[PDB]
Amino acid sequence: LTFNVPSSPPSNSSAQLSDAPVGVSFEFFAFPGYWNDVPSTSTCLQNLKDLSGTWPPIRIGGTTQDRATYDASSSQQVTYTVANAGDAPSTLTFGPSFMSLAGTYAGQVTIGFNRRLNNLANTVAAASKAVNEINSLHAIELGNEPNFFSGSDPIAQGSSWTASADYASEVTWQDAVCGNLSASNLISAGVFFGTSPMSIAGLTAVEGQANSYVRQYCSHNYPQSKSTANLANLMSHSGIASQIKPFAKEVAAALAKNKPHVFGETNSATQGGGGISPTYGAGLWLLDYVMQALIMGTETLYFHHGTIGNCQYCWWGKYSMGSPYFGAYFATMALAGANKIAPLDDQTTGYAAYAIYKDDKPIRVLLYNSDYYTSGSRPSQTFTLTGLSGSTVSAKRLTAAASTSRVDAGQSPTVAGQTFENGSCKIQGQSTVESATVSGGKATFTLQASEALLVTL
(Lines of atoms letter the chains of each structure in order from A and count residues from 1; the text may use other names and numbers.)
(Lines give C-alpha, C1' and ligand atoms only; values in the text may rest on other atoms or scores of the structure.)
Protein backbone atom coordinates (compact mmCIF):
# COMPACT_ATOMS: atom_id res chain seq x y z
CA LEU A 1 0.00 0.00 0.00
CA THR A 2 1.15 3.39 -1.22
CA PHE A 3 0.48 7.02 -0.28
CA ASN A 4 1.44 10.10 -2.22
CA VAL A 5 2.73 13.00 -0.05
CA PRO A 6 1.39 16.20 -1.67
CA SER A 7 3.70 19.28 -1.96
CA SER A 8 1.01 21.51 -0.37
CA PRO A 9 -1.84 20.87 2.13
CA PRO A 10 -4.61 18.75 0.61
CA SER A 11 -8.23 19.90 0.58
CA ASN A 12 -9.04 17.40 3.44
CA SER A 13 -6.27 18.90 5.66
CA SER A 14 -6.87 20.11 9.22
CA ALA A 15 -7.20 23.84 9.81
CA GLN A 16 -4.15 25.76 11.09
CA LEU A 17 -3.18 23.85 14.27
CA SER A 18 -2.72 25.14 17.83
CA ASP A 19 0.95 25.47 18.99
CA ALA A 20 0.17 22.52 21.39
CA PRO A 21 -2.95 20.54 20.54
CA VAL A 22 -2.19 17.76 23.08
CA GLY A 23 -3.29 18.96 26.54
CA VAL A 24 -3.97 17.49 29.98
CA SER A 25 -7.07 17.52 32.22
CA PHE A 26 -6.61 17.09 36.01
CA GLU A 27 -9.47 16.01 38.28
CA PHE A 28 -10.38 19.21 40.22
CA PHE A 29 -9.89 17.92 43.80
CA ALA A 30 -6.59 16.21 42.81
CA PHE A 31 -4.99 19.16 40.96
CA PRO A 32 -2.96 20.38 43.98
CA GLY A 33 -1.79 16.80 44.65
CA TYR A 34 -0.58 16.60 41.01
CA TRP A 35 1.43 19.84 41.50
CA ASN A 36 2.63 19.24 45.04
CA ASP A 37 2.98 15.46 45.62
CA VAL A 38 3.72 14.00 42.13
CA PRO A 39 7.28 14.75 41.11
CA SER A 40 6.63 13.45 37.51
CA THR A 41 4.02 16.16 36.76
CA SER A 42 6.65 18.94 36.23
CA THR A 43 9.00 16.81 34.10
CA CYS A 44 6.27 15.02 32.09
CA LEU A 45 4.85 18.40 31.08
CA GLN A 46 8.38 19.92 30.52
CA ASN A 47 9.24 16.99 28.18
CA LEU A 48 6.27 17.82 25.99
CA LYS A 49 7.07 21.59 26.02
CA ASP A 50 10.65 20.64 25.02
CA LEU A 51 9.25 18.99 21.83
CA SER A 52 6.70 21.64 20.76
CA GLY A 53 8.08 24.86 22.28
CA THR A 54 4.72 25.40 24.01
CA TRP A 55 3.56 24.24 27.46
CA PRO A 56 0.75 21.70 26.98
CA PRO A 57 -2.55 23.46 27.69
CA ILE A 58 -4.21 22.21 30.91
CA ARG A 59 -7.72 21.95 32.28
CA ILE A 60 -8.68 21.56 35.98
CA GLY A 61 -12.13 20.06 36.40
CA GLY A 62 -14.32 16.94 36.46
CA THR A 63 -17.17 15.64 38.57
CA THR A 64 -15.49 16.93 41.77
CA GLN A 65 -15.60 20.57 40.42
CA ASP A 66 -19.41 20.21 40.96
CA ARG A 67 -18.76 18.98 44.56
CA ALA A 68 -16.58 22.01 45.41
CA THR A 69 -17.29 25.41 47.05
CA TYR A 70 -14.93 28.41 46.87
CA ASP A 71 -13.72 29.57 50.33
CA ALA A 72 -12.32 33.11 49.81
CA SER A 73 -10.89 33.15 53.39
CA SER A 74 -9.16 29.67 53.26
CA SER A 75 -5.30 29.73 53.10
CA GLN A 76 -5.51 26.06 51.97
CA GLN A 77 -5.50 25.29 48.20
CA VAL A 78 -7.99 22.44 48.76
CA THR A 79 -9.69 21.07 51.87
CA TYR A 80 -11.46 17.69 51.94
CA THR A 81 -11.63 14.35 53.76
CA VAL A 82 -11.78 10.85 52.22
CA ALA A 83 -12.07 7.48 54.07
CA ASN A 84 -9.73 5.82 51.50
CA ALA A 85 -6.96 7.66 49.50
CA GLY A 86 -8.35 5.89 46.36
CA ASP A 87 -11.73 7.69 46.74
CA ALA A 88 -12.76 11.09 45.44
CA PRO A 89 -14.26 13.34 48.09
CA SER A 90 -18.10 13.79 48.27
CA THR A 91 -17.57 17.54 49.09
CA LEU A 92 -14.59 19.89 49.24
CA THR A 93 -13.65 23.56 49.42
CA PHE A 94 -10.85 25.43 47.66
CA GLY A 95 -9.07 28.65 48.60
CA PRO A 96 -7.90 31.49 46.35
CA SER A 97 -4.47 29.78 46.39
CA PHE A 98 -6.04 26.92 44.31
CA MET A 99 -6.32 29.46 41.44
CA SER A 100 -2.88 30.90 42.47
CA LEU A 101 -1.36 27.38 42.00
CA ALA A 102 -3.07 27.13 38.54
CA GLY A 103 -1.57 30.61 37.88
CA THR A 104 1.98 29.26 38.32
CA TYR A 105 1.48 27.31 35.03
CA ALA A 106 2.81 29.14 31.98
CA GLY A 107 0.61 27.24 29.46
CA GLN A 108 -3.07 28.00 28.73
CA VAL A 109 -5.20 27.16 31.80
CA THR A 110 -8.90 26.21 31.80
CA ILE A 111 -10.53 25.93 35.23
CA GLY A 112 -13.94 24.36 35.95
CA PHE A 113 -16.29 25.68 38.58
CA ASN A 114 -19.48 24.44 40.22
CA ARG A 115 -22.92 24.88 38.63
CA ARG A 116 -24.63 21.68 40.01
CA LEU A 117 -24.98 23.19 43.55
CA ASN A 118 -26.61 26.40 42.10
CA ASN A 119 -24.26 28.70 44.21
CA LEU A 120 -24.06 31.42 41.51
CA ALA A 121 -22.56 34.11 43.78
CA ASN A 122 -19.84 31.69 44.98
CA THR A 123 -18.93 30.62 41.37
CA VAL A 124 -18.87 34.29 40.27
CA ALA A 125 -16.40 35.03 43.15
CA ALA A 126 -14.31 31.99 42.09
CA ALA A 127 -14.29 33.19 38.43
CA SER A 128 -13.22 36.74 39.43
CA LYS A 129 -10.40 35.26 41.58
CA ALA A 130 -9.35 33.00 38.65
CA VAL A 131 -9.09 36.09 36.37
CA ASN A 132 -6.97 37.86 39.04
CA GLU A 133 -4.65 34.86 39.79
CA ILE A 134 -4.22 33.03 36.44
CA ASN A 135 -2.28 35.18 33.93
CA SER A 136 -2.58 32.39 31.29
CA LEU A 137 -6.32 31.85 31.95
CA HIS A 138 -7.88 30.46 28.74
CA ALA A 139 -11.45 29.67 29.81
CA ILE A 140 -13.74 28.96 32.78
CA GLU A 141 -16.29 26.11 32.77
CA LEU A 142 -19.61 26.62 34.59
CA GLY A 143 -20.45 23.05 35.49
CA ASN A 144 -19.04 19.72 34.26
CA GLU A 145 -21.04 17.08 32.28
CA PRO A 146 -24.37 18.80 33.06
CA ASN A 147 -25.98 15.93 31.05
CA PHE A 148 -25.46 13.83 34.26
CA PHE A 149 -27.19 16.29 36.63
CA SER A 150 -30.71 15.27 37.74
CA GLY A 151 -33.93 16.73 39.03
CA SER A 152 -32.62 16.19 42.58
CA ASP A 153 -29.61 18.61 42.01
CA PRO A 154 -29.99 22.25 43.25
CA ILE A 155 -29.45 23.61 39.70
CA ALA A 156 -32.63 21.72 38.50
CA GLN A 157 -34.70 23.94 40.91
CA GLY A 158 -37.08 21.00 41.73
CA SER A 159 -37.96 20.48 38.01
CA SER A 160 -36.89 17.88 35.42
CA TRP A 161 -33.31 18.46 34.23
CA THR A 162 -33.63 18.51 30.41
CA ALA A 163 -31.32 19.70 27.57
CA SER A 164 -33.46 22.90 27.36
CA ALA A 165 -33.13 23.43 31.14
CA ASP A 166 -29.32 23.10 30.87
CA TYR A 167 -29.01 25.44 27.82
CA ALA A 168 -31.10 28.14 29.50
CA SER A 169 -29.09 27.65 32.75
CA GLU A 170 -25.79 27.97 30.82
CA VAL A 171 -26.93 31.26 29.15
CA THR A 172 -27.99 32.74 32.54
CA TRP A 173 -24.70 31.61 34.22
CA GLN A 174 -22.58 32.91 31.28
CA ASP A 175 -24.43 36.28 31.49
CA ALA A 176 -24.03 36.55 35.30
CA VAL A 177 -20.33 35.54 35.34
CA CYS A 178 -19.31 37.71 32.33
CA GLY A 179 -21.55 40.63 33.44
CA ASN A 180 -19.96 40.61 36.86
CA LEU A 181 -16.38 40.34 35.49
CA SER A 182 -17.02 42.85 32.61
CA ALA A 183 -15.57 39.98 30.51
CA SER A 184 -16.29 38.28 27.18
CA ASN A 185 -14.86 35.34 25.25
CA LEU A 186 -14.31 33.57 28.61
CA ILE A 187 -16.67 30.57 29.10
CA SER A 188 -15.93 26.96 28.13
CA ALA A 189 -19.57 26.14 27.35
CA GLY A 190 -21.45 22.78 27.27
CA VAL A 191 -18.83 20.42 28.80
CA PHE A 192 -21.15 17.55 27.76
CA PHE A 193 -20.36 13.82 28.00
CA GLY A 194 -20.93 12.72 24.40
CA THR A 195 -23.67 14.26 22.21
CA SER A 196 -26.95 13.02 23.85
CA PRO A 197 -29.04 13.99 25.71
CA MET A 198 -27.22 17.39 25.55
CA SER A 199 -25.20 18.65 22.55
CA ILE A 200 -23.14 21.66 21.44
CA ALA A 201 -25.46 21.70 18.33
CA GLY A 202 -28.43 22.22 20.73
CA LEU A 203 -26.66 24.71 23.02
CA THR A 204 -25.30 26.90 20.14
CA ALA A 205 -28.91 27.16 18.81
CA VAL A 206 -29.95 28.79 22.20
CA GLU A 207 -26.80 30.91 23.03
CA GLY A 208 -27.79 33.90 20.83
CA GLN A 209 -25.91 37.01 22.06
CA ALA A 210 -24.52 34.92 25.01
CA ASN A 211 -22.07 33.43 22.39
CA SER A 212 -19.90 36.60 22.88
CA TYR A 213 -19.33 35.32 26.47
CA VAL A 214 -18.11 31.93 25.17
CA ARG A 215 -14.43 31.21 24.56
CA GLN A 216 -14.93 27.67 23.23
CA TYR A 217 -17.51 24.84 23.13
CA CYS A 218 -16.44 21.70 25.04
CA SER A 219 -17.16 17.99 24.56
CA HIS A 220 -16.10 15.06 26.71
CA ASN A 221 -15.33 11.74 25.02
CA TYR A 222 -14.59 8.34 26.61
CA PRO A 223 -14.86 5.65 23.89
CA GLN A 224 -15.27 2.73 26.39
CA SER A 225 -16.34 1.88 29.93
CA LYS A 226 -14.86 -0.87 32.14
CA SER A 227 -17.80 -2.96 30.71
CA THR A 228 -17.16 -2.31 26.93
CA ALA A 229 -13.35 -2.56 27.46
CA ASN A 230 -11.76 -3.92 24.27
CA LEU A 231 -8.23 -2.81 23.39
CA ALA A 232 -8.38 -3.92 19.70
CA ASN A 233 -11.61 -1.95 19.19
CA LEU A 234 -10.26 1.14 21.04
CA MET A 235 -7.03 1.44 19.01
CA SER A 236 -8.48 0.39 15.61
CA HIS A 237 -7.73 3.16 13.08
CA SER A 238 -11.09 2.78 11.26
CA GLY A 239 -12.83 2.26 14.64
CA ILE A 240 -11.53 5.63 15.87
CA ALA A 241 -12.95 7.33 12.71
CA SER A 242 -16.42 5.81 13.51
CA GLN A 243 -16.10 6.61 17.23
CA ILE A 244 -15.47 10.38 16.73
CA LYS A 245 -18.00 10.85 13.87
CA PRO A 246 -20.90 11.99 16.21
CA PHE A 247 -18.71 14.94 17.29
CA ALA A 248 -18.38 16.26 13.70
CA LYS A 249 -21.79 18.02 14.10
CA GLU A 250 -20.58 19.45 17.43
CA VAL A 251 -17.38 20.87 15.90
CA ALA A 252 -19.41 22.31 12.92
CA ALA A 253 -21.82 23.98 15.43
CA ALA A 254 -18.97 25.59 17.46
CA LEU A 255 -17.04 26.82 14.38
CA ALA A 256 -20.29 28.26 12.86
CA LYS A 257 -20.32 30.59 15.99
CA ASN A 258 -16.61 31.48 15.36
CA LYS A 259 -15.70 29.61 18.59
CA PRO A 260 -13.23 26.71 18.78
CA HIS A 261 -14.30 23.17 19.72
CA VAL A 262 -12.29 21.24 22.36
CA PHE A 263 -12.38 17.78 23.90
CA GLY A 264 -11.92 19.39 27.34
CA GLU A 265 -11.91 16.00 29.05
CA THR A 266 -11.14 12.73 27.29
CA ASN A 267 -9.50 9.40 27.91
CA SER A 268 -9.73 5.74 26.96
CA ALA A 269 -12.42 4.47 29.43
CA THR A 270 -14.69 5.87 32.18
CA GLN A 271 -14.58 5.73 36.04
CA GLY A 272 -10.76 6.27 36.07
CA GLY A 273 -10.20 3.62 33.31
CA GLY A 274 -10.25 -0.22 33.22
CA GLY A 275 -7.77 -3.08 32.45
CA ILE A 276 -7.03 -1.76 28.91
CA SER A 277 -6.33 1.85 29.99
CA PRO A 278 -2.66 1.40 31.21
CA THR A 279 -1.59 -0.36 27.98
CA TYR A 280 0.61 0.60 25.05
CA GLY A 281 -2.44 0.06 22.79
CA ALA A 282 -4.28 2.80 24.73
CA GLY A 283 -1.29 5.08 23.93
CA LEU A 284 -1.66 4.17 20.25
CA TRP A 285 -5.38 4.99 20.52
CA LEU A 286 -4.45 8.37 22.00
CA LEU A 287 -1.97 9.10 19.19
CA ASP A 288 -4.35 8.30 16.33
CA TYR A 289 -7.42 9.80 18.04
CA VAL A 290 -5.55 13.11 18.42
CA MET A 291 -4.71 13.21 14.67
CA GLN A 292 -8.30 12.34 13.53
CA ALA A 293 -9.89 14.75 16.06
CA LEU A 294 -7.72 17.68 14.87
CA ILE A 295 -8.54 16.98 11.18
CA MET A 296 -12.25 16.80 12.19
CA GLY A 297 -11.73 20.41 13.49
CA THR A 298 -11.21 20.21 17.28
CA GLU A 299 -8.51 22.65 18.49
CA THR A 300 -7.27 20.85 21.64
CA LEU A 301 -7.71 17.55 23.42
CA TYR A 302 -7.29 17.43 27.20
CA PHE A 303 -6.53 13.91 28.48
CA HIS A 304 -7.93 13.27 31.97
CA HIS A 305 -5.81 12.43 35.03
CA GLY A 306 -7.85 11.13 37.97
CA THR A 307 -7.40 10.15 41.58
CA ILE A 308 -3.67 9.79 42.35
CA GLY A 309 -3.01 6.03 42.93
CA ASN A 310 -6.43 5.02 41.51
CA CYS A 311 -6.20 6.04 37.85
CA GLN A 312 -5.76 3.46 35.05
CA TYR A 313 -5.62 6.00 32.13
CA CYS A 314 -3.04 8.39 33.70
CA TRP A 315 0.21 9.09 31.75
CA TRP A 316 2.11 9.13 35.06
CA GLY A 317 1.67 8.68 38.79
CA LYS A 318 3.71 9.20 41.95
CA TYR A 319 5.77 5.99 41.56
CA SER A 320 5.40 4.84 37.92
CA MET A 321 5.00 5.94 34.32
CA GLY A 322 2.04 4.75 32.23
CA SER A 323 2.33 3.28 28.69
CA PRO A 324 -0.18 5.89 27.39
CA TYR A 325 2.34 8.72 27.95
CA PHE A 326 4.27 7.33 24.95
CA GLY A 327 1.24 8.11 22.72
CA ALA A 328 1.02 11.66 24.07
CA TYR A 329 4.79 12.14 23.61
CA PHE A 330 4.75 10.74 20.06
CA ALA A 331 1.68 12.83 19.15
CA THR A 332 3.40 15.95 20.55
CA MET A 333 6.56 15.11 18.56
CA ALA A 334 4.53 14.52 15.33
CA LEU A 335 2.75 17.89 15.61
CA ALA A 336 5.66 19.99 17.01
CA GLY A 337 5.76 23.34 15.17
CA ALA A 338 3.40 21.95 12.49
CA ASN A 339 0.73 24.16 10.85
CA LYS A 340 -1.45 21.41 9.31
CA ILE A 341 -2.05 17.65 9.05
CA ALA A 342 -3.87 15.68 6.38
CA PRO A 343 -5.09 12.07 6.15
CA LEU A 344 -3.46 10.22 3.21
CA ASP A 345 -5.48 7.02 3.83
CA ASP A 346 -9.28 6.79 3.61
CA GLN A 347 -9.76 5.53 7.29
CA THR A 348 -11.46 2.29 6.15
CA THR A 349 -8.55 0.04 7.32
CA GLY A 350 -6.18 -0.60 10.24
CA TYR A 351 -3.39 1.43 8.52
CA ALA A 352 -3.03 5.22 8.77
CA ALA A 353 -0.74 7.72 7.02
CA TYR A 354 -0.75 11.48 7.73
CA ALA A 355 1.18 14.22 5.96
CA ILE A 356 2.30 16.97 8.33
CA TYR A 357 2.91 20.51 6.94
CA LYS A 358 4.82 23.56 8.17
CA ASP A 359 4.53 26.77 6.08
CA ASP A 360 2.37 24.73 3.57
CA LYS A 361 5.37 22.32 2.91
CA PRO A 362 5.43 18.63 3.94
CA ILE A 363 7.87 18.12 6.83
CA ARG A 364 6.86 14.75 8.29
CA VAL A 365 4.69 11.73 7.71
CA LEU A 366 3.12 9.81 10.58
CA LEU A 367 2.43 6.11 9.85
CA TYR A 368 0.34 3.87 12.18
CA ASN A 369 -0.34 0.11 12.24
CA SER A 370 -3.39 -0.28 14.55
CA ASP A 371 -3.52 -4.10 14.27
CA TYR A 372 -3.92 -5.76 17.70
CA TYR A 373 -1.08 -8.09 18.73
CA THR A 374 -0.43 -10.21 21.90
CA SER A 375 0.98 -13.58 20.81
CA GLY A 376 2.60 -15.61 18.09
CA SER A 377 4.24 -14.28 14.91
CA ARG A 378 3.79 -10.50 14.84
CA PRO A 379 2.40 -9.43 11.47
CA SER A 380 3.64 -6.33 9.65
CA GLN A 381 2.58 -4.01 6.84
CA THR A 382 4.78 -2.19 4.31
CA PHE A 383 3.96 1.51 3.62
CA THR A 384 5.29 3.17 0.43
CA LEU A 385 5.46 6.99 0.29
CA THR A 386 5.69 8.73 -3.09
CA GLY A 387 6.44 12.37 -4.04
CA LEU A 388 9.53 12.57 -1.74
CA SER A 389 12.69 14.69 -2.41
CA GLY A 390 16.30 13.66 -1.78
CA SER A 391 18.19 10.35 -1.38
CA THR A 392 17.21 9.53 2.24
CA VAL A 393 14.70 10.26 5.03
CA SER A 394 15.01 9.62 8.80
CA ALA A 395 12.40 8.03 11.10
CA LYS A 396 11.62 7.47 14.75
CA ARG A 397 9.63 4.40 15.83
CA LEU A 398 7.11 3.88 18.61
CA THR A 399 6.93 0.18 19.56
CA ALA A 400 6.44 -2.21 22.47
CA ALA A 401 6.37 -6.01 22.89
CA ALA A 402 2.56 -6.20 22.64
CA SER A 403 -0.63 -4.16 22.36
CA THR A 404 -1.10 -5.00 26.13
CA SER A 405 2.42 -3.82 27.21
CA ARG A 406 2.39 -2.00 30.59
CA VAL A 407 5.28 -0.01 32.14
CA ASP A 408 4.41 -1.74 35.46
CA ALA A 409 5.13 -5.43 34.52
CA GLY A 410 8.29 -4.04 32.85
CA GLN A 411 7.05 -4.03 29.14
CA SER A 412 7.61 -0.19 28.70
CA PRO A 413 7.07 0.99 25.13
CA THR A 414 10.02 2.84 23.52
CA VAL A 415 10.05 6.04 21.48
CA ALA A 416 13.15 5.77 19.24
CA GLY A 417 14.61 3.48 21.92
CA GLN A 418 13.96 5.87 24.86
CA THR A 419 11.77 5.49 27.96
CA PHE A 420 10.82 7.65 30.96
CA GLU A 421 12.06 7.12 34.55
CA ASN A 422 9.53 5.72 37.10
CA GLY A 423 8.95 8.38 39.78
CA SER A 424 10.44 11.31 37.79
CA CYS A 425 9.40 11.11 34.07
CA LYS A 426 13.04 11.85 33.14
CA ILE A 427 13.96 10.70 29.57
CA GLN A 428 16.15 7.60 29.58
CA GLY A 429 18.26 5.71 27.05
CA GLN A 430 20.06 6.34 23.73
CA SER A 431 17.83 7.74 20.91
CA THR A 432 17.96 5.54 17.79
CA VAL A 433 16.98 7.08 14.40
CA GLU A 434 16.19 4.91 11.37
CA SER A 435 17.20 5.75 7.78
CA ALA A 436 15.26 4.85 4.64
CA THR A 437 16.38 5.26 0.99
CA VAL A 438 14.49 7.60 -1.40
CA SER A 439 14.61 6.43 -5.06
CA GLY A 440 12.25 7.70 -7.77
CA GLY A 441 10.83 9.97 -4.99
CA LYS A 442 9.69 6.73 -3.17
CA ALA A 443 10.59 5.24 0.24
CA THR A 444 9.23 2.10 1.89
CA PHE A 445 8.72 1.52 5.63
CA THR A 446 7.61 -1.58 7.50
CA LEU A 447 5.43 -1.27 10.61
CA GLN A 448 4.66 -4.27 12.77
CA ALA A 449 1.18 -4.65 14.23
CA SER A 450 0.76 -2.03 17.03
CA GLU A 451 3.54 0.38 15.92
CA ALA A 452 3.83 3.96 14.71
CA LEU A 453 6.59 5.62 12.70
CA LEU A 454 7.34 9.33 12.37
CA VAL A 455 9.20 10.01 9.11
CA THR A 456 11.12 13.34 8.79
CA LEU A 457 11.38 14.68 5.17
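Position 1 is the first residue in the sequence shown; the rest follow in order.
Q: What stretch has the higher average Cα B-factor here, 204 to 212 or 321 to 329?
A: Of 321 to 329 and 204 to 212, the stretch with the higher C-alpha B-factor average is 204 to 212.
Q: Out of 387 to 395 and 419 to 427, which stretch has the higher average CA B-factor listed in the record?
A: Higher of the two, by average CA B-factor, is 387 to 395.
Q: Which one of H220, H237, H305, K257 shows the biggest C-alpha B-factor in the PDB entry?
A: Of the options given, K257 has the highest CA B-factor in the PDB entry.
Q: Which is it among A183, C314, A241, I140: the one with the largest CA B-factor in the entry?
A: Most elevated C-alpha B-factor of the set, per the entry: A183.
Q: By its CA B factor, does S136 count among the lowest, middle or highest third of the modelled residues in the chain?
A: Its C-alpha B-factor, which the entry lists for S136, ranks in the middle third among residues of this chain.
Q: For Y280, return the chain-relative third of its C-alpha B-factor as stated in the PDB record: lowest, middle or highest.
A: Ranked within chain, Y280 CA B lands in the lowest tercile.
Q: Where does the C-alpha B-factor of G273 rank in its chain, lowest, middle or highest third?
A: Highest third, going by the recorded CA B-factors of the chain.
Q: Going by the CA temperature factor in the PDB record, which third of the chain does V433 belong to: lowest, middle or highest?
A: It falls in the middle third of the chain.
Q: Once the chain's modelled residues are ordered by C-alpha B factor and cut into thirds, is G61 in the lowest, middle or highest one?
A: Lowest third of the chain for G61's C-alpha B-factor.
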